[PDB]
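Below you'll find the structure, written out as structure tokens, and then a few comments.
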Amino acid sequence: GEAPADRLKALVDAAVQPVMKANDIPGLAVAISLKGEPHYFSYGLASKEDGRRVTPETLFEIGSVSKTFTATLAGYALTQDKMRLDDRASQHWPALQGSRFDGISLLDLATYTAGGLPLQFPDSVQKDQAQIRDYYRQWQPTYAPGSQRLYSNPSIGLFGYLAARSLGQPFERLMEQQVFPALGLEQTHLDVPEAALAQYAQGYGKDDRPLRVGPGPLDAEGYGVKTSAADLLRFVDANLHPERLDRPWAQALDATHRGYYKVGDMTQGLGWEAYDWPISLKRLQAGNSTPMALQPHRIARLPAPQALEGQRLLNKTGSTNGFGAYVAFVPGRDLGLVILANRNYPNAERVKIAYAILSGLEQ
Ligand SMILES: *[B@@]([O])(O[C][C][O])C1=[C]C(O[C])=[C][C]=[C]1
Ligand SMILES: [Cl-]
């Protein structure tokens, strides 16, 4: 019958439409993987000025959702024995020898517990090898490595950069030439080709100023991916079924499904952040709140790494000045969701859309 497709469209419309109006979002793409089949719902405008509509092939900036791609490359380096999570960071970059990175592990970098590396590189550090080198050489922890989580682009960005060094090639090259092709992603870019630029949505900020992300230190590792809802759902489907990939890449994906510690309701993996499922909307919003991004939290370390599978929701938010992304999946239900928008609108609102869709699918 037409009832299932009508019901899914009604459910997704009902979740999305009020949140778009309420947050003045110009364009938004949803992709859902349900019972092994993809479903796409596209809303509004990729560019207000030329009237280009959002489609499942429109490219959006996904911001820190990029960290899950970075984690997958590190997973590859790890499961290929080029590095280990307990290595000291300075083992992989001689410039860091003699610095405080002699006493910081790769796991600490990956999971934001190196001792207070900040949210962003300071404005004084430009996209320049020498400036980045000098920044890390001089940095000193605020508190003991392994004790407090402070969400940090320099932290996980260094993790990704060191993973690339361990493999003997630049990060960006490894992503384009190995990771994206291994995952079957042809609409996923760190540097959008000229021929694909017509697909790149405009981002919108205050007063609807146009905003596309500019160069920054370790931008590729931290926040550099542009992709379509269709490709990001393919990445979600790879996460739901790593066994469908060639074994080295299956192992790399599996490495991102391991939890190391908890903060509140959240279990931290490499890239992915996990919750028990079901959990309340308010709790999932709280785990994705501004204090979780901006404030340090003492960790509760697990006795051994924990498999992030079964009745769990794995997620990641991502933001740039002009864009707001959210991805969530439930391994034990073969369910995945992607929500990409061209405004940076509050995380709580992204989670509201997702939760309405997931709730509705449960009924
Ligand atoms: B990232 O998007 O995380 C925020 C949403 O959870 C992020 C992006 C940065 O620059 C664009 C810097 C830090 C984190
Ligand atoms: Cl940064």
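Values reported hereafter were calculated over all heavy atoms of this structure, with side chains retained and with hydrogens, waters and symmetry mates removed. Position 1 is the first residue of the sequence, and the numbers go up from there. Counting convention: from 1, in listed order, for ligands and their atoms alike.
Ion pairing between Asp102 and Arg88 fails under the 4.0 Å rule for side-chain N and carboxylate O. Salt bridge status for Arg244 with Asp237: absent, with no side-chain N to carboxylate O gap under 4.0 Å.
A cation-pi arrangement is present between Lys48 and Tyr204, with the terminal nitrogen or guanidinium carbon under 6.0 Å from the aromatic centre and inside a 45° cone about the axis. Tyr200 carries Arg212 over the face of its six-membered ring, with the cationic atom under 6.0 Å from the centre and within 45° of the normal. With a 6.0 Å cutoff to the six-membered ring centre and a 45° limit on the axis angle, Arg283 does not count as a cation-pi contact of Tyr275.
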* Asked: Stepwise, does the side chain to side chain donor-acceptor pair (under 3.5 Å) test hold for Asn23 with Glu349?
  -> CA-CA 8 Å; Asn23 296 274; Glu349 297 284 301; 2.8 Å; yes
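Backbone and side-chain nitrogen or oxygen atoms of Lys67 are examined, and none is located within less than 3.5 angstrom of a nitrogen or oxygen of ligand 1.
When only non-hydrogen protein atoms are considered, atom 12 (C) of ligand 1 lies nearest to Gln120 CG, 4.0 Å. In terms of protein heavy-atom proximity, atom 5 (C) of ligand 1 is closest to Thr317 OG1, 3.4 Å. Scanning the protein for heavy atoms near atom 10 (O) of ligand 1, the closest one is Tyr223 CD2, 3.6 Å.
For the ligand labelled ligand 1, residue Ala293 lies outside the 4.0 Å heavy-atom shell. The closest approach between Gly222 and ligand 1 stays at or above 4.0 Å for every heavy atom of the residue.
Of the candidates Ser64, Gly214, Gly63, it is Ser64 that places a heavy atom closest to atom 7 (C) of ligand 1.
Side-chain contact between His257 and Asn239 is present, with at least one heavy-atom pair separated by less than 4.5 Å.
Atoms of ligand 1 lying under 4.0 Å from at least one heavy atom of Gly318, given by number and element, are 2 (O), 5 (C). Residue-ligand proximity, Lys316 to ligand 1, at heavy-atom distances under 4.0 Å covers atoms 6 (O).
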